[PDB]
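Quick mapping for you: the protein sequence lines, in order, are chains Y and z. Position 47 of the first sequence, counted from 1, bears residue number 47 in the authors' numbering, the numbering being contiguous throughout. Position 24 of the second sequence, counted from 1, bears residue number 24 in the authors' numbering, the numbering being contiguous throughout. For each residue, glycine too, the CB sits at the ideal point set by N, CA and C.
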Amino acid sequence: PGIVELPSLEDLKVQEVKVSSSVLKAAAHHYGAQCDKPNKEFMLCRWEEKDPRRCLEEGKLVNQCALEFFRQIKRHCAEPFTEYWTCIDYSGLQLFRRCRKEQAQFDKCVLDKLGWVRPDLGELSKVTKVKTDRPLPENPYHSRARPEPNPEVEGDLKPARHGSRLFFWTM
Amino acid sequence: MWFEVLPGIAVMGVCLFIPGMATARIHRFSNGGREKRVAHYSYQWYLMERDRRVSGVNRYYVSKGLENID
Ligand SMILES: CCCCCCCCCCCCCCCCCC(=O)OC[C@H](COP(=O)([O-])OC[C@H](O)COP(=O)([O-])OC[C@H](COC(=O)CCCCCCCCCCCCCCCCC)OC(=O)CCCCCCCCCCCCCCCCC)OC(=O)CCCCCCCCCCCCCCCCC
C-alpha cells in the first residue's frame, strides 16, 4: 500500500505543561471552567476527524490555553494553590475529600483575586455545543464506494407456469 | 494469675504491629515522604507515568509545581 504520512518533529514541538498530575488534579475544576472553549474545540475535532494528525493545531491551542491558566494562578494565588496541590499530592488515591480546607482557601483566594466560580457537582460532565469554522469531515473513515445492492422484487406474483414442472406433475 | 498471658499477647501484638508500621514507613521512604500512589485503574497509571515523564529524574514521586513553568 501507500506511505503513511506523519508530521515532522518540528511540527510537534510546543511548550508543554510541565507540571505533575496532582498539580493538574488540584486545578482541574477551574481548568474545566476557564479553559472550556479550546478544549472542547479540540475534543470535537478529535472525535470528528478520528485522526490526531488533523488535530495538532487545535491541540496546540489547548497547550496554549492551559499554560495561561497556570500563569494567572502563578501571578496571583501561587501559595494557596501550592499548599493545596501539596496536600492533594500527599495522598495515594489523591482524595479531594482529605483536603477540603486548602480547597476552601484556594477557592476563596481565586474567587476574590480572579473571579472564577468553581463548577458544581454535575456541571463538567455536560455535553456542550461548540461553534467552529472548520468544515465537517465528509468521510472521516476514508471509506470508498459501497457496492451496488441486488435488485429487489417487483411486479404482481403470477402463478407458476404449468405448475411445478417436476418430471410429470402437471400441477 | 490470668494476667500472665499478657506478656505473650503483648509480644504477639508487637510482632503484628511490625508489618503494618514497616510497610507504611517503607511507602513513605520510597515515595518522598508521602503515600504510595495507588493505580487500580489505567487512568491513574497514566497520570503516574506522566509524572515520571515530567519529573525529569525518572521518578514519579518527584513533583513539579508552578515553578517548573515560567
Ligand atoms: C361446482 C364446483 C364443484 C365441482 C366438482 C367436480 C369434481 C367432483 C370430484 C372432485 C374430487 C376429485 C376426484 C378426482 C379428480 C381427478 C383426479 C385424477 O383422476 O387424476 C388423474 C391423474 C392424471 O391423469 P391425466 O390423464 O393426466 O389427467 C386427468 C385429470 O384431468 C387430472 O387433472 P389434474 O391435471 O388437475 O390433476 C393434477 C395432478 C395430475 O397428475 C399428475 O400430474 C401425474 C402424477 C400423479 C401422481 C403420480 C405418482 C406416481 C407414483 C405413486 C403411485 C402410487 C400408486 C398408484 C395407485 C395405487 C392405488 C392406491 O394430480 C395430482 O397431482 C394428484 C395426484 C393423484 C391423485 C388424484 C386424485 C385421487 C383422489 C382419490 C384418491 C383415491 C386413490 C388414488 C390412487 C392413489 C395414488 C394417487 O391420473 C394419475 O395420476 C393416475 C392415477 C389415477 C388417479 C386417481 C383416480 C381418482 C378416482 C379413484 C376412484 C377409485 C378409488 C378406488 C379405491 C382407492 C384405490 C385403492
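One residue after another in chain order, those with a Cβ under 6 Å from a heavy atom of ligand 1 are Y:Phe168, Y:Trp169, Y:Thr170, Y:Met171. The residues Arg53, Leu56, in chain order, have a CB closer than 8 Å to that of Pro7 of chain Y in the same chain once the five nearest residues on each side in sequence are set aside. Comparing alpha-carbon positions, the option among Y:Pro1, Y:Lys113, Y:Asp89 lying closest to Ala78 of chain Y turns out to be Y:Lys113. The three-state secondary structure of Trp45 of chain z, taken from DSSP, is helix. A distance below 7 Å between beta-carbons, with the five flanking residues on each side excluded, links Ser55 of chain z to the following residues of its chain, in chain order: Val62, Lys64. Looking at the DSSP output, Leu166 of chain Y sits in a beta bridge with Y:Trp169. Residue environment for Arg37 of chain z: buried (at least 16 other C-beta atoms within 10 angstroms of its C-beta). One finds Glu35, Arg37, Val38, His40, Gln44 in chain z with Cβ atoms closer than 9 Å to the Cβ of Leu93 of chain Y, taken in chain order.
The three-state reading of DSSP puts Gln105 of chain Y in helix, counting H, G and I together. Note on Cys15 of chain z: under 16 other CB atoms within 10 angstroms of its CB, so exposed under the neighbour-count rule.
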